[PDB]
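What follows is a pair of forms of the same protein chain, given separately as structure tokens and numbered structure 1 and structure 2.
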Structure 1
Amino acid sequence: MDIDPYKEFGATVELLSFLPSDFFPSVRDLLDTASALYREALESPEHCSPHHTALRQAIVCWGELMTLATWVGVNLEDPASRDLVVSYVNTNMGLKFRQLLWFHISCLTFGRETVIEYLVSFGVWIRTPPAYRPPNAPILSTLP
């Protein structure tokens, strides 16, 4: 239906592909971050924010995807092909799920506008030659 999960939040898949795929933290690290920071609000019966809603739906999505993959792996008999399918699922869906988690957690934690500024700035940075840019990479921080 030509739906972009970010354009209601002011971002785009083009803007999140503006960053390297090797930048987004792992899905385990991000789920741990969520469980630590916003578990009581995600398990809550409240529309605390569209970020909370999308994060809930995304977590359930990953649950279903992992269930399917684990089931077919259990039912299959070649670890080689199991490795192939897990490589595919990671490379394709795992990156998209990491971008979805990162975006929403970072939004809740810092600011939607701050996260978009960070996207564009880090893109321009990693694209600019080192000798003519700030030497240390940008980073989001709550500590003043």
Structure 2
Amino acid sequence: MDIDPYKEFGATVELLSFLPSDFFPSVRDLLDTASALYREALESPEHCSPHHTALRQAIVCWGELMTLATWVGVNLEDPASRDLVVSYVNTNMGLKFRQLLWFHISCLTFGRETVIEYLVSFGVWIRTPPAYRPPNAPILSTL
């Protein structure tokens, strides 16, 4: 239905299109970050924020995908296709899942405005060729 999961929050798939894949932590790392920083709120009966809502939904999706992967490994007799499906799920879907988790966690942490500014600046940086861009990328940190 031509839905962008970030347009509601002030971003776009094209704005995060520039962040490389090596930029995002692993799924386990991001899920641990969430479970340690906002678990009491995600497991809460309150609409603490749209970021919380989206995180809840995406975590449920990922749980269902892991269930799918287990079911595949248990019910498919062709190892080739089994590993192919599992690899597609992990690589692609987890890349998207990392994108979304990072966006929402970083927003909850720093600010939606700050994260969008960081995205703009990081796009400026990554579009520049290495011969003319500084070697050290921009950094979003609590320290």
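Counting starts at 1 with the first residue of structure 1 and goes up one by one along its sequence. Rigid core: the largest C-alpha set superposing within 1.5 Å between the two forms.
TODO: Could you check which of 26, 44, 81, 67 shows a C-alpha shift of 2 Å or more between the two structures after a rigid core superposition?
DONE: It is 81.
TODO: Tell me, please, whether between the two structures the C-alpha of residue 10 is shifted by 2 Å or more, with the rigid core used for superposition.
DONE: Where the cores coincide, residue 10 shows only a C-alpha shift between the two structures that is less than 2 Å.
Open item on the list: Rigid core superposed, I'd like the Cα shift of residue 117 between the two structures in Å.
Closed with: Displacement of the C-alpha, rigid core superposed: 0.7 Å.
TODO: Just grab the Cα shift of residue 90 between the two structures for me, core aligned, in angstrom.
DONE: Displacement of the C-alpha, rigid core superposed: 2.5 Å.
Open item on the list: Can you give me the Cα shift for residue 138 between the two structures? Core-superposed, in angstrom, one decimal please.
Closed with: The shift comes out to 1.6 Å.
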